[PDB]
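We place every Cβ from the backbone using ideal geometry, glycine too, and count neighbours over all the protein chains shown. Derivation of every value follows stated rules applied to the coordinates shown; laboratory data play no part.
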Amino acid sequence: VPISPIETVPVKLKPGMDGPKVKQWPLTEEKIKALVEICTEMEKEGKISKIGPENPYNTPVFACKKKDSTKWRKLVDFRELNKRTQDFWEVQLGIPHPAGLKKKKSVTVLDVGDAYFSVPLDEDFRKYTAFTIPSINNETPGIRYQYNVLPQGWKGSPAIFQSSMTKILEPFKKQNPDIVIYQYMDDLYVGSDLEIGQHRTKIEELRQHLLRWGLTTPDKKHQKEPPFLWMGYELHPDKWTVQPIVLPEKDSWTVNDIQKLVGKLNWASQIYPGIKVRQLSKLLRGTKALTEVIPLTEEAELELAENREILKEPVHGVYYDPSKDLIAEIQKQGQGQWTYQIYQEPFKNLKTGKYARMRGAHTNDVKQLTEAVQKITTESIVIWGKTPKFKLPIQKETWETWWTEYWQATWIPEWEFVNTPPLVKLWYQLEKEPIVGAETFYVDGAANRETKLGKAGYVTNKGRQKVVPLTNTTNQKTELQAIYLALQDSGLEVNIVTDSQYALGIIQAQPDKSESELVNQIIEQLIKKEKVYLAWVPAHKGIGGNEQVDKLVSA
Amino acid sequence: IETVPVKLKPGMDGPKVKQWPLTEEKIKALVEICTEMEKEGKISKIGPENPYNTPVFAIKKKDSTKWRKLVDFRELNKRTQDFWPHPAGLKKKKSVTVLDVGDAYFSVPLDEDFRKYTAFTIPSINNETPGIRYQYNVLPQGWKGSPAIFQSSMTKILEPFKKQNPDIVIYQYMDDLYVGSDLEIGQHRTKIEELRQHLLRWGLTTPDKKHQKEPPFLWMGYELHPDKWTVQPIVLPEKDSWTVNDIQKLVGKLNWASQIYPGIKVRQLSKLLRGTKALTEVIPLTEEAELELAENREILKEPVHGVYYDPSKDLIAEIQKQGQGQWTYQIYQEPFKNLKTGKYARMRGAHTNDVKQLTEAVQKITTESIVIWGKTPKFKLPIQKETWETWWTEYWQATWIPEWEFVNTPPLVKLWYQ
DNA sequence: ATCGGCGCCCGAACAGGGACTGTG
DNA sequence: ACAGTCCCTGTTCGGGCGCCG
Ligand SMILES: OC[C@H]1O[C@@](CO)(O[C@H]2O[C@H](CO)[C@@H](O)[C@H](O)[C@H]2O)[C@@H](O)[C@@H]1O
């Protein structure tokens, strides 16, 4: 199968650059005879041409085993050429998911053999792919070659082959507008609604069409029967599942090992409902030593046990039905952790997932729930091209008082309430008017910019005062610390007057969790109270108790 | 017709903006549009060897079912070269109508050395196929350079109608033609059809509005009335009895308003809170404090003097969510030197969709900035970045896109709406 | 050791902007 | 008026998972 008659993609170097001139590093003898045998072979196949001293460029070459294969993959350390090659706009915008596949009568999975080695390379650019094979005898100079096809390891090869494959399939796709072809690199998911007999006729038309364009479809890579191994999934006729996940078992773990376990748990969370990785990812904080050994914490081990528990049972996904509505339901599992399932028929999930991002230093469950709703919305647009209907564990009245009372514009699409505890609630609520018969606290705090030492205190209308000295603190922390004092030394109903927009803006957002230990203490006090009114006055304006407490803490 | 040479500003590359996900409704509409533009030679397919990209998406036209392809040419326009009088009476006209003449640009070819920068990529659902990339061969809608290159042809097309109707103000901004007159609403709508047919002798206009008697809120960006735009004054509460808390809110409001109004004084009001009183304690206003408040009421009622527009400085607009579907906004160039303070209320998605409201308010604020000054302001949006980027395309219907940033404002700005 | 391109997650360095404070 | 410190958000790059040559 000669090289593809497709037009070469024009490739340039970065402006004002030349090609790579890197010397060849030593190679082992097992690989030298294999590269020589391979290079003379892939010269016979036309992929490679011999070059002379006129070519002043070079790139080091080696040869590794092909992925899960007895064939050798010829790889080149084109790190120097990639820096000098023009940038491309990658056309691969994402990864196809089986949950977005519709039901089809006939399914075929193809794979093009020697994909990159079938597409020619721009003739003017071939000079820069020059490389030298050092011989065994150091006295021999070594054989120089250049590439005639897309080399493996070049930054432009994936995009050019992807672009080239689309041009090859365009005529066939037009000749068969009703045949669905999911195209990712060299793997071809072909689906039609024809009968099984007439479908193999069109597949052969497709294989012959690709063969005319220099794209062979080997029988070793031709799948004709479900189950289908496609994009790391197992595609049964009416259900889909993930290829076997292998979690490592070790007595002691390292940073790298934790990093692999978190990743595989994320890859599993697309269909396994309930995966948690918050406590396992916490072990990756601070330690940049990849081979450092980490003892599993009590919370981390519990998380690993939970994941293995739901991984021992097999889970399957369903395909997409364009006629039926898309539904997603979210549940609050842990603090800051969420899991969701997208389905059409109950208990027949298309896919699952999780959102466990802490957005901001201070937040609440309603914010995180709205952040997770948006992540699902975007993910749903990619897979199914439409926004799903929502089933959320938050009261209709809970959300109404939040979005109407919140200063930012927040919205959630069409959703219905489901009574699946734990529900999302506002743990406390600030009064809109000052409380009658509630002790009024005028709080403030200060800190020195050089000394980092500060004070924080309050004065009340009942004459009560307090000032606490603080060490290693800031201005922002002392104003929060002053509000904490007023909440501590008050009854169940208190009026607090601060001059810190920073402290006011944090509390007014009704957070229930915070990266700051002090704010979490303030949150804990606010939930214990029965009525709290927080008011703001401008500092340094001779206003009420603000002036009395200002002189107490600035000294 | 030979193409006009276009360069980028010195030392700047083309735009490289990723394409954001689109709905099947929008993708199927875009593929049909781009395939027709390729047949008529208006665009052409390109490959990954073009390293530039600009996001594309589709919107449903104003009071119509047809789709309009909208390019987010914000990045290309910042990096595009600059080319080479604003009608002050357009904002004084009774009725002003916006006509989409962006279709006229598709008749002028674009400079070959420049077409590489107009590349965009159409995505596919579930990443079935790679992105199909196109570039423009003619003047594109939404490009900063398109109205400038076409300016010579536009003055020529409009001159007979403008001399035949000298009382009609006609301003052009990007794809839109702003047509203002003082005629009655019915005679005004007839004059718009006279201009459309006069334009039709050369270049086509967006399909006739299916409704001709102005349904409610379908003509938001279509039929606008500038002579009825009102500014939102700063107001102070009027109470028979004042508490310590009520005076503190008043003093804090007046001290903030003193940054916009010079003569605001709060000393006699602050004297009323000199103790360490309870927030709910009623405080009688002294004779000195009552006078200080009444003069401040006069100052907040009087307009600000000495605030003029600077054509060299960018415009900035800030919006505040006031609740109950009401949104306050201010347009300025220097802090506390507002060129206009307005209020928009009761917008679409009543008491359900906050985002639909904000998206409409941004468009309404932008329309005013184009009508009044001929610029677009940079918006400080009171919304989360992901909340806005997820939904804003679903409610956008303008041919332009203003620059924006996202801010988390503390809700102590009760100082703009009562 | 020793590769390309894409997407996702989680963690952290860096930068940008706004407000407060101290100072000429 | 200018210069810092703090805090906060956002972007970018690194690890990992997964896909494919
Ligand atoms: O909305 C932020 C978002 O905008 C992007 C792409 O949409 O950049 C474009 O939009 C900005 C919004 O103002 C413009 O400033 C910018 O010029 C334009 O390219 C991304 O930067 C960002 O994700």
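When only the Cβ of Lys, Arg, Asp and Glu is charged (+1, +1, -1, -1), the dipole of the protein assembly as shown relative to its Cα centre reaches about 940 debye. Near B:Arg346, once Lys and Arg are set to +1 and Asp and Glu to -1 for all other residues with Cβ below 13 Å from its Cβ, the sum equals +3.
Karplus-derived 3J(HN,Hα) values for the stretch B:65-81, using 6.51 cos²θ - 1.76 cosθ + 1.60 with θ = phi - 60°, are 9, 6, 9, 10, 7, 10, 9, 7, 8, 5, 5, 5, 5, 5, 9, 7, 3 Hz; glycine and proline are entered as x.
What the Cα convex hull of the stretch B:310-416 gives, in volume per residue, is 103 Å³.
Cα-Cα over 18 Å: which of A:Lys324/A:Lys386; B:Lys78/B:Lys343; A:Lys351/A:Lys389; A:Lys348/A:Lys389? Table pairs above 18 Å Cα-Cα are B:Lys78/B:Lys343. In order along the stretch A:4-17, the phi-based Karplus estimate (6.51 cos²θ - 1.76 cosθ + 1.60, θ = phi - 60°) of 3J(HN,Hα) comes to 5, x, 5, 6, 5, 8, x, 10, 10, 7, 4, x, x, 10 Hz; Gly and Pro are listed as x.
Considering only A:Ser69, B:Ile365, B:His351, and ranking their Cα positions along the charge dipole of the protein assembly as shown that arises from unit charges at the beta-carbon of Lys, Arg, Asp and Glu, the one farthest toward the positive end is A:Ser69.
Taking the empirical scaling 2.2 N^0.38 Å for compact globular proteins as reference, the protein assembly as shown has a Cα radius of gyration ratio of 1.13.
Summarising the amide proton neighbourhood of A:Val242: residues at separation of 5 or more, or on other chains, whose placed amide H is nearer than 5 Å comprise A:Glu234. Cross-linked pairs A:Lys452/B:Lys321; A:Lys425/B:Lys385; A:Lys33/A:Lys155; B:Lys93/B:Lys163; B:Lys116/B:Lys356: Cα-Cα separations exceed 29 Å for A:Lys452/B:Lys321; B:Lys116/B:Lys356. Given +1 at the Cβ of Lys and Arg, -1 at the Cβ of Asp and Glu and no other charges, the dipole of chain A around its Cα centre is 1000 debye to the nearest 20.
If you take the Cα centroid of the stretch A:460-512 and the Cα centroid of the stretch A:284-345, the two points sit 39 Å apart. Taking a straight line from the alpha carbon of A:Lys202, these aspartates and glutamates sit under 13 Å away, with near neighbours fewer than eight places off in the same chain left out: A:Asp178, A:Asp193. Shown here for the stretch A:193-256: GluC sites (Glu not before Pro) in loop regions (DSSP other than H, G, I, E, B) with at most 11 other Cβ atoms within 10 Å, namely A:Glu195, A:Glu249. Each of A:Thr377, A:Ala361, A:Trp402 was scored by the projection of its Cα onto the charge dipole of the stretch A:321-427, and the greatest displacement toward the positive side belongs to A:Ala361; charges sit on the C-beta of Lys, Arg, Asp and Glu.
Mind running the shape call on the stretch B:224-309? Use the C-alpha gyration tensor, a ≥ b ≥ c as the square roots of the eigenvalues: rounded below 1.5 for a/c, prolate if a/b tops b/c, oblate otherwise. Since a/c reaches 1.5 and a/b is larger than b/c, the shape of the stretch B:224-309 is classed as prolate. Annotation: amide H-H contacts under 5 Å for B:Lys277 (H modelled 1.01 Å from N, sequence separation of 5 or more, or interchain): A:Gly545. Using Cβ point charges alone (K and R +1, D and E -1), the dipole size of the stretch A:227-320 about the Cα centre works out to roughly 340 debye. Sorted largest first, the principal axis extents computed over the alpha-carbon atoms of the stretch A:428-555 equal 39, 33, 22 Å.
Of the residues A:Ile294, A:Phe78, A:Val318, the one whose Cα sits farthest toward the positive end of the charge dipole of the protein assembly as shown, with +1 on the Cβ of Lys and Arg and -1 on the Cβ of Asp and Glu, is A:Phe78.
Spin-label model, A:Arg79/B:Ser107: points 7 Å from Cα along the beta carbon direction are separated by 5.8 nm. Short to long, the 20 Å bins of the Cα pair-distance histogram for chain B hold 23, 50, 21, 6, 0 percent of all pairs. Specify whether the C-alpha gyration tensor of chain A places it in the rounded, prolate or oblate class, a ≥ b ≥ c being the square roots of the eigenvalues: rounded for a/c under 1.5, otherwise prolate if a/b is larger than b/c and oblate if not. Taking the square roots of the gyration eigenvalues as a ≥ b ≥ c, chain A is prolate. Across the stretch A:143-283, Cα-Cα pairs farther apart than 21 Å form 62% of the total.
Between A:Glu414 and A:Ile196, what FRET efficiency follows from the Cβ-Cβ distance if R0 is 45 Å, with the result rounded to 0.05? After rounding, the FRET efficiency stands at 0.65.
Classified by the C-alpha gyration tensor, the stretch A:321-427 has a prolate form. Its axis ratio a/c, with a ≥ b ≥ c, is 1.5 or above, and a/b is larger than b/c. Taking other residues whose beta carbon is less than 12 angstrom from the beta carbon of A:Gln162, and scoring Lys, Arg as +1 and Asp, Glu as -1, yields -1. Note on the stretch A:227-320: Cα-Cα pairs beyond 23 Å make up 32% of the total pair count.
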